[PDB]
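For reference, the chains in residue letters:
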Amino acid sequence: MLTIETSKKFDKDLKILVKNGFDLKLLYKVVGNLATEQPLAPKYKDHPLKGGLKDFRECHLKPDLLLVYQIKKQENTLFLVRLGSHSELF
C-alpha cells in the first residue's frame, strides 16, 4: 500500500485542530479512505486542482475540514500537505 508522509505546514495545522477538537489516530485511520476516496462528503466530493500543478488534490474527510495532499507513485507514498478549516486557521 501507500505510506503516509507529513509536511511542515501540516504539522502546524493539526496542532490547531487538536486543541479545538481533533484526534491523532483519526489521520492514520482516514488514510484508508484517502487512498480509495469513497466518502469525501457526497456534497463535497474530492477533486483535482489543475493549473500547472496536476500532482495536487484536496479532499474533505469531515463536513467542515479540508485535506490537501500529493501522491508519489515513484515509491507509492501518500504525502499530505494541508488540513483543517478556513474559519479554524483564520
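Residues numbered from 1 in each chain as written, not as in the entry; some residues may be left out. Heavy atoms only, no water.

- Deposited coordinates in this entry are attributed by the record to solution NMR.

Concerning the UniProt feature "binding site: Zn(2+) 2" (unreviewed entry) in the chain
Alright, step 1. In this structure's numbering, the residues bearing the UniProt feature "binding site: Zn(2+) 2" (unreviewed entry) are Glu58 and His86. Across 29 residues in sequence, these annotated residues keep their C-alpha atoms within 13.5 Å of one another, forming a single compact spot.
Alright, step 2. One can find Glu58 in strand 3 (residues 57-62).
Alright, step 3. Ignoring anything within four residues of it in the chain, the contact list for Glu58 reads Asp46, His47, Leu49, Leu66, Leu67, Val68 and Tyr69.
Alright, step 4. Within the local environment of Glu58, its side chain forms a polar contact with the side chain of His60, the two groups lying 2.8 Å apart.
Alright, step 5. By secondary structure assignment, the location of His86 is in helix 3 (residues 86-89). (UniProt positions renumbered as here; feature names shortened; annotations may be inferred. Helix = DSSP H or I, 4+ residues; strand = E, 2+ residues; numbered from the N terminus. Contact = heavy atoms within 4.5 Å. Polar contact = N/O pair within 3.5 Å; in protein donor to acceptor, adjacent residues only side chain to side chain.)

Some thoughts on the environment of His86
Alright, step 1. Judged by its relative accessible area of 63%, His86 falls in the exposed class.
Alright, step 2. For the pair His86 and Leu27, spaced 59 residues apart in sequence, the C-alpha to C-alpha distance is 19 Å. (Buried < 20%, exposed > 50% of the residue type's maximum accessible area, 1.4 Å probe, protein only.)

Let's talk about the side chain of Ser85
Alright, step 1. Tracing the backbone shows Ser85 in the loop between strand 5 (77-84) and helix 3.
Alright, step 2. Polar side-chain contacts of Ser85 include one of 3.0 Å to the side chain of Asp64.
Alright, step 3. Excluding residues within four positions of it along the chain, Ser85 makes contact with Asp64 and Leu66.

Some points on the nonpolar core
Alright, step 1. One finds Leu34, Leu67, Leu80 and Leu83 to be the most contacted residues of the largest nonpolar core, which totals 16 residues.
Alright, step 2. For this core, the secondary structure elements donating two or more residues are helix 1 (8-21), helix 2 (25-36), strand 4 (65-72) and strand 5.
Alright, step 3. The leading source of residues in this core is helix 2, at four residues.
Alright, step 4. Residues within four places of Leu67 in sequence aside, it is in contact with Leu34, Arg57, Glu58, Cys59, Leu61, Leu80, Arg82 and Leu83. (Core = buried A, V, L, I, M, F, W, Y, C linked by side-chain atoms within 4.5 Å.)

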